[PDB]
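# Structural features, examined
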Amino acid sequence: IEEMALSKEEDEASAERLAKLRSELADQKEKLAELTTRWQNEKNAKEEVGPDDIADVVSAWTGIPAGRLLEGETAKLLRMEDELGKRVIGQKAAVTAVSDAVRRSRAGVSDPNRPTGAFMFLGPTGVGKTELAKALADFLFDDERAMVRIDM
Amino acid sequence: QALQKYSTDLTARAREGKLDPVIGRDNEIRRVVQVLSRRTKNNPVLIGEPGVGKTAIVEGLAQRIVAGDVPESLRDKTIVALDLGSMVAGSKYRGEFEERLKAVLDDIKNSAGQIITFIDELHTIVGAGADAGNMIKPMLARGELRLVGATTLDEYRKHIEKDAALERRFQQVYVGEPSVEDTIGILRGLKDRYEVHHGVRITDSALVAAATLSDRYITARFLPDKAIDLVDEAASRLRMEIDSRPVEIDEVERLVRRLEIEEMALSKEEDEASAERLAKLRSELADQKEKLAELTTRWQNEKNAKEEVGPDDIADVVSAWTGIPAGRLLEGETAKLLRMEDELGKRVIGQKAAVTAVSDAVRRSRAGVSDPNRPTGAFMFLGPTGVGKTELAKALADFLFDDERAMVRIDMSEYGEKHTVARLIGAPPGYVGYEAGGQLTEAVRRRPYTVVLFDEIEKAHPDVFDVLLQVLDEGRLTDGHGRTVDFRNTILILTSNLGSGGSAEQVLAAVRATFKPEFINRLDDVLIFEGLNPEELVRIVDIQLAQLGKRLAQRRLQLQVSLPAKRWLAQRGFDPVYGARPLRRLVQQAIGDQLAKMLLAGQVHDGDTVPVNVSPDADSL
Ligand SMILES: Nc1ncnc2c1ncn2[C@@H]1O[C@H](COP(=O)(O)OP(=O)(O)OP(O)(O)=S)[C@@H](O)[C@H]1O
Ligand SMILES: Nc1ncnc2c1ncn2[C@@H]1O[C@H](COP(=O)(O)OP(=O)(O)OP(O)(O)=S)[C@@H](O)[C@H]1O
Ligand SMILES: Nc1ncnc2c1ncn2[C@@H]1O[C@H](COP(=O)(O)OP(=O)(O)OP(O)(O)=S)[C@@H](O)[C@H]1O
């Protein structure tokens, strides 16, 4: 509905805002086709509330992700370091430490009554020790502004 | 039939096509459905900041029911909009309100779940008593009445969470605010409803700007709501312009039709001092009647050979709002910016290195090049005394606002002890002065375009520096009330007097030993001022004499100054240790004293003109 009314804009500025709507619309048509096809495989080759639908409800409520790592997140969790490295540079001894405490809780291995991980950065001025926190708060929620931050 | 008196019909309103299209927010509505369709305790509550869309979700669900996208457990169910206000209307007697509410509840239960009561602003359900809004507590916990409520985030924990027996019967649904990409789509969907009400057209390049622009300027409000106002206002203004003449052809005519009456009732003044005012007003009238008739001509050049809103009306609206100028440099402002160190040079003399840096971070922000999240410019200039470093910060606040007292000055010499910080940030809750906020904070939260000036900063206690530490480099600091105030458009200026005579590294190393590297690093260039050469005082002399002359025109009283006296004063500007302050005392010792003596001793009256002349040593009038 967007793209079939955006094309008739007598302008050039939006002509590059249309050269992407088509792209994403196609890239999603592809996924819908694939998934609707997989539905046929499953229908030819669920019917009870298993143990993880409860976890899905606990996640829809309260926002906390407690699921089962549906095979698409586990790729992000292995590319975490190279994805942070697109915004911070060096300090890999700190990137590895920040990131390792997230998979350690996605695999359900960290202690259940303690913060998910709390550690302190310190070093010379203008090195990255505040850019890293903002780069980590964006990799998890996809918007840098959504962290509780207080200036001590 | 008792549900007809105290409620309208949401589903019927949605059937006749009276509600706005609801776009996106699939997850919220599906969770509302799968909560509204359980066995017991089947009543959700939407929760979230004001404006992010919480009645929009209920109206979307109603349109969805009318269409038929809902599951079998909800196909063909009507939504009634309960109205608690119209129930306590006449109930002065001792049981009438309870009787009404009981009839309503019995009638809701009398149906078989074909009704979904929807209470808006349900935090008002606690009162109604004088044992009220409490007889609903049994029927809630059993799932008889399906309740859909929506209150803001912070009246919940103020009226409901205080009553944990009642907030148990509610399932919370959090409604977070959308992003820019989603707001763009919401606007793309809502455009064609304003396109009709206002007889205009709206451009998609404007729908993108009304959402990108209203995300870095208006921070006190939340999303879509703070992005639909711009579109609506722009359209309404364009319709106004369509009917009448355009703007900047209307005000030029309104003030001309006023200067007429002014000069007309002024020309009948049997007075002599009023003749210089009438002969000055009579020139601006003929000057305005010039560009008015030029606009009426330049308008026909277009009207013979601006019909839909674009990314320009939006900027003009978000500029009339909030005062921040974010336009496009409409050829009248650019000609003024191009000669800025020329308009600043009429008040500050010398210091070319510093005037071409203050003036250099205004252009590169008006042309859209500076970082959109950091102050416009944050630099400290320091040097010896009386050089002109508190004057530049006032010649600058006058170029931008045309009023030297529209800026925010705080004299940092009163912050001698660290506890004097609470003066500019407020006092934490539960203390004496709390319903007053900060003092610097509340000054910028109302007009976020001023130019702040921290005068004599090294005289303070080295903790106020650490307060300023985050003002620079982020433009944010939050007061006691928890309101974050943005500084991303101000110009931060810090004067000083460190070093005091050191060439360049007796001062550059005295700054380094009084401030910390983490504080020097946020700053822009650290400007160094320089002493006054003998040549660049013969001009301050002229400035001072012009000032005094303008001060004397209250009596139509002039004075003629001869070049010998003008270069005598400048040669008696001495001691390159005190800068240009001694000269202002020399002027009043020489000229002002004896002028005032002659002025109240008769022998000089208004209208006269006294010539000064250098006697062999002194000045004689
Ligand atoms: N490793 C880095 N990768 C990318 N940008 C960096 C890096 N280090 C510093 N920066 C830049 O420096 C700025 C952020 O510096 P910060 O790390 O926030 O300063 P800081 O680490 O907080 O040090 P202080 O003592 O708190 S001022 C941004 O302009 C970043 O682009
Ligand atoms: N998803 C959406 N689709 C279309 N229009 C929306 C959407 N969300 C919000 N709006 C519009 O944005 C405005 C939001 O107003 P409302 O949501 O009714 O107020 P509110 O969000 O309930 O805030 P409160 O708590 O009621 S003051 C209205 O003009 C809605 O039409
Ligand atoms: N370069 C200058 N051009 C014009 N007036 C100047 C200049 N330097 C000083 N003055 C005059 O000096 C007065 C203001 O001096 P300031 O610069 O405010 O003193 P200062 O530079 O702040 O030094 P301190 O350390 O604050 S006492 C006004 O009367 C100005 O007219």
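Method of determination for the deposited model, per the PDB record: cryo-EM, at 3.5 Å resolution.

### Focus: the site of ligand 1
Near ligand 1, the surroundings consist of A:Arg87, A:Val88, A:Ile89, A:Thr125, A:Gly126, A:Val127, A:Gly128, A:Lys129, A:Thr130, A:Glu131 and B:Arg522. Ligand 1 sits at the junction of chains A and B, each of which supplies nearby residues. Here a nitrogen atom of ligand 1 sits 3.2 Å away from a polar atom, N or O, in the main chain of A:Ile89. At a separation of 3.1 Å, an oxygen atom of ligand 1 approaches a polar backbone atom of A:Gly126.

### Here we look at a negative patch on the surface
All names here are of chain A. Side chains of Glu47, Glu48, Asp52, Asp53 and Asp56 sit close together on the surface and give a patch of like negative charge. Relative to the assigned elements, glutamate 48 resides in the loop between helix 2 (15–44) and helix 3 (52–60). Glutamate 48 gets classed as exposed once you look at its relative accessible area, which sits at 53%.

### Re the UniProt feature "binding site: ATP 2" in chain B
Residues and elements named next belong to chain B. Per the UniProt record, "binding site: ATP 2" is found at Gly383, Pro384, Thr385, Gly386, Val387, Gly388, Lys389 and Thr390. Here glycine 386 lies in the loop between strand 7 (377–382) and helix 16 (392–401). In this structure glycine 386 comes out as partly exposed when scored by relative accessible area, which is 21%. Along the chain, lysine 389 turns up in the loop between strand 7 and helix 16. For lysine 389, a relative accessible area of 7% puts it in the buried group.

### Brief notes about the side chain of B:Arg476
Here B:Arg476 is to be found in strand 10 (residues 476–478). Excluding its chain neighbours within four sequence positions, the residues that come into contact with B:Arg476 are A:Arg149, A:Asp151, B:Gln470, B:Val471, B:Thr484, B:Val485 and B:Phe487.

The rules we used
- Residues numbered from 1 in each chain as written, not as in the entry; some residues may be left out.
- Chains lettered and ligands numbered in written order.
- Part of a larger assembly, values for the part shown.
- Heavy atoms only, no water.
- Residues with missing side-chain atoms left out of burial classes, pairs and counts.
- Near = heavy atom within 4 Å.
- Polar contact = N/O pair within 3.5 Å; in protein donor to acceptor, adjacent residues only side chain to side chain.
- Patch = residues over 30% accessible without salt bridge, like charges linked within 9 Å, V, L, I, M, F, W, Y side chains within 5 Å.
- Areas by Shrake-Rupley, 256 points an atom, 1.4 Å probe, with all protein chains shown as cover.
- Salt bridge = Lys/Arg side-chain N within 4 Å of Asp/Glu carboxyl O.
- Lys, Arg positive; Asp, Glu negative; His and termini not counted.
- Charge placed at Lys NZ, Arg CZ, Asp CG, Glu CD.
- Helix = DSSP H or I, 4+ residues; strand = E, 2+ residues; numbered from the N terminus.
- Buried < 20%, exposed > 50% of the residue type's maximum accessible area, 1.4 Å probe, protein only.
- UniProt positions renumbered as here; feature names shortened; annotations may be inferred.
- Contact = heavy atoms within 4.5 Å.

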